[PDB]
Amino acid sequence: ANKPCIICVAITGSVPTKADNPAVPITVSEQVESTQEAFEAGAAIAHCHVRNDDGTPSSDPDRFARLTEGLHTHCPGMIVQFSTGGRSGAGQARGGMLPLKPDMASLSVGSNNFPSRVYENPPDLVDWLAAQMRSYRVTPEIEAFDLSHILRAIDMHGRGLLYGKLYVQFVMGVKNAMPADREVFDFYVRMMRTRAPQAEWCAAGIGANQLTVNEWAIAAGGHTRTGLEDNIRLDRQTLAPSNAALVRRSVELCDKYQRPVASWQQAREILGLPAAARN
């Protein structure tokens, strides 16, 4: 394509533990180190959650602040994207980190099932989170778990609800949500190209679908995500030894399709972000 490809690394998430894979970074220091390697390997965006030291989920703003400072000092220029995840926190707590003014924050605009629960995003919460992102000038990345979420995001964006330039992530392979289905993927891409041609998109696959969805996205001209949050293995059994190892796989696919890996500067420009991180 020669079009640069933005690789996002989803470093930790809310679910995986060191019992699942010893490579999962849990503490801030672990996260900074893991993220730096990933940055070096080609990731331009860090998609961040925080944890308690024991690995349990957290939404604590002070932990986000600590992580951010580490990323700003060790990964200068890298785009810092905070989760507002529903497995990491509940209600308005899910937006308590927003006043820190990250570059970006992931945002669900719909609800859907998850492996063991409803992933709840009530309309009032969606609207509140979106308003906070307008206030603090935080560009959302929309985490679209189903088709109507893509359409909703497009409508919202046109209506001014979503700060900045529209960036939609197709999340595929989550149990009880949307599987990694190639025909659906192509329809998703069609919706973006036809209904939101000025917007950007990416795609993320879970588990064994991570690498496959990377390939789909990269070959189709979009952007993509990888990392331990989404997948802890290299095949049916083999554990992935780092976030960076997963990034390198994505990089190889960029090479295969003759697309440069977007630098953090390119990624900022593509996504309509400030040229330098705030704060």
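Note that residue numbering begins at 1 and tracks the sequence as displayed.
- In this entry, 68 to 76 shows the higher mean Cα temperature factor of the pair 68 to 76 and 156 to 164.
- 52 to 60 and 215 to 223 differ in mean CA B-factor, and the higher of the two is recorded for 52 to 60.
- The maximum CA B-factor among the listed residues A177, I206, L147, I142, taken from the PDB record, is found at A177.
- Per the PDB record, residue ranking by Cα B-factor puts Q36 in the highest third of the chain.
- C8: CA B factor in the lowest third of modelled residues in this chain (values from the PDB entry).
- Among the modelled residues of the chain, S83 sits in the middle third by CA temperature factor in this PDB entry.
- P99: CA B factor in the middle third of modelled residues in this chain (values from the PDB entry).
- Ranked against the other modelled residues of its chain, the C-alpha B-factor of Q210 as given in the entry falls in the lowest third.
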